[PDB]
Amino acid sequence: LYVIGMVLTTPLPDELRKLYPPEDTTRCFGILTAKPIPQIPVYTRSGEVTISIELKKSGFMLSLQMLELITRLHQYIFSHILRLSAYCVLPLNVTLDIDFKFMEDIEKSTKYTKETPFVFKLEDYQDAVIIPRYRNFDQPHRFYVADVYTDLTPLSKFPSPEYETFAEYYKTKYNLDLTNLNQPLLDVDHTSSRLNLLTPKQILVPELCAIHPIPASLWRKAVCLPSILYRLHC
RNA sequence: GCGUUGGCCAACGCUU
RNA sequence: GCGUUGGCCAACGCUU
């Protein structure tokens, strides 16, 4: 077990959206053994982020069960989180050990009525990547919750004239009925990003959106994974 | 916000 | 002249 550790040395200056530092969260990516030890920054949306590989536990033997789990999750990172070195990349937490609960949680793989309403918990949208459930018809889309607009509801004026309200937008286009008209809205930014990081409207309805098991922060961390691995392998 | 073609500037690379 | 990233406008397409 090695840890792919992350800190932003040089954050983005006041010139031009906020900031999202990888060290504000403890959960990260790491690399399993059976491999020889390599030698010892990627430039993100959150600014310049320096990267450090360290050894954590050498000479550990892990169960074939847990090995299957870590490899399954490895492929889940690369086929599912991104779309396209070393053995399995894995989640680490309290940097301490391996997170088996996290992996098992991910591996766990919607009726709203007036009699059966939709409940809005704010926490669920705080660190979140979401999907419109309404249009997975081609290659489901994933968005970080950029903002939560608490002064807004689905009955708010739609940004385009052809529609007066959001509820009306989703009703006319997607034939979508909302059981919560009091829910706040979510500004979102797209998760699909650049592959080589080595060199330097959009409002959604919580009720129409599924939440992704990979927290937005860790997503943002994962987007580094290829650019890291490019010169690690090389 | 994204995409796409389309000009109008920046910057290093080719090219001359 | 080309290429490449990078902003700054045009236009239809997605999206909201």
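Residues numbered from 1 in each chain as written, not as in the entry; some residues may be left out. Chains lettered and ligands numbered in written order. Heavy atoms only, no water. Residues with missing side-chain atoms left out of burial classes, pairs and counts.

By the naming in the PDB entry, chain A is Endoribonuclease Dicer, taken from Homo sapiens.

Colleague: So what about the overall build of chain A? Which residues, and what values?
Modeller: Looking only at helices and strands, chain A has five helices and 10 strands in total. A principal-axis box enclosing the C-alpha atoms of chain A has dimensions of 60 × 45 × 30 Å. (Helix = DSSP H or I, 4+ residues; strand = E, 2+ residues; numbered from the N terminus.)

Colleague: I'd like a description of the domain arrangement of chain A, backed by residues and values.
Modeller: Often, the extent of an interface is quoted as the loss of accessible area on bringing the components together. Along its sequence, chain A is carved into domain 1 (1–109 + 191–200 + 214–234) and domain 2 (110–190 + 201–213). Using only C-alpha atoms to locate each centre, domain 1 and domain 2 end up separated by 29 Å. With 16 residues of domain 1 at the contact, the number on the domain 2 side is 12 residues. Among the elements of the structure, α1 (64–81), α2 (100–106) and α4 (216–222) are those that each provide at least two residues to the side of domain 1 that touches domain 2. A per-class count over the side of domain 1 that touches domain 2 returns nine nonpolar, four polar and three charged. (Domains from an automatic or database assignment. Contact = heavy atoms within 4.5 Å. Nonpolar A, V, L, I, M, F, W, Y, C, P; charged D, E, K, R; others polar.)

Colleague: Give a description of the packing of aromatic side chains that names residues and reports values.
Modeller: Each aromatic ring pair is characterised by the separation of its centres together with the angle its planes make. A centroid spacing of 5.2 Å and a plane angle of 50 degrees characterise the contact between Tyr112 and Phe118, whose relative ring orientation is tilted. For the ring pair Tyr169 and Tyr170, a centre distance of 4.8 Å and an interplane angle of 90 degrees mean the geometry is edge-to-face. Counting every residue linked through ring pairs, the aromatic cluster contains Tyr134, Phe158, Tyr163, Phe166, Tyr169, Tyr170 and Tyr174. Its end group placed over the ring of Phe102, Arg27 keeps NZ or CZ at 3.9 Å from the ring centre. (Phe/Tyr/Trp six-rings, centres within 6.5 Å; stacked < 30°, edge-to-face > 60°. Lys NZ or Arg CZ within 6 Å of the ring centre and 35° of its normal.)

Colleague: Can you lay out the pattern of salt bridges for me, pointing to particular residues and giving the numbers?
Modeller: Note that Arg27 is salt-bridged to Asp99, the shortest N-O span being 3.4 Å. Linking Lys101 and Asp105 is a salt bridge whose minimum nitrogen-to-oxygen distance equals 3.0 Å. Taken together, the residues span about one helical turn, with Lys101 and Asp105 both in helix α2 at a distance of four residues. (Salt bridge = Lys/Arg side-chain N within 4 Å of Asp/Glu carboxyl O.)

Colleague: I'd like a rundown of the environment of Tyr2, residues and numbers included.
Modeller: In this fold, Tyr2 is placed in strand β1 (residues 2–11). Expressed as a C-alpha distance, the spacing of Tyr2 and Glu15, which sit 13 residues apart in the sequence, is 36 Å.

Colleague: Lay out the sheet that holds strand β4 (residues 47–55) in plain terms, naming residues and giving numbers.
Modeller: In space, the five strands of this open sheet follow the order β3-β4-β1-β2-β5, with antiparallel pairing throughout. Edge positions in the sheet fall to β3 (42–44) and β5 (89–92), since each of these pairs with one other strand and no more. This sheet shows a mean twist of 40 degrees between the axes of neighbouring strands, independent of strand direction. With eight bridges joining them, β1 and β4 adopt antiparallel strand pairing. Bridge pairing in β4 links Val3 to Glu54. (Pairing = 2+ DSSP bridges. Axes fitted to C-alpha atoms, helices over the stretch in contact; angles between N-to-C directions.)

Colleague: Break down unusual backbone geometry for me, citing the residues and quoting the values.
Modeller: For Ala34, which is not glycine, the phi torsion reads 85 degrees and is therefore positive. Mapped onto the secondary structure, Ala34 falls in the loop between β2 (28–31) and β3. With a phi close to 45 degrees, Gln139 is a non-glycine residue in the positive phi region. Within the secondary structure, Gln139 is located in the loop between β6 (129–132) and β7 (143–149).

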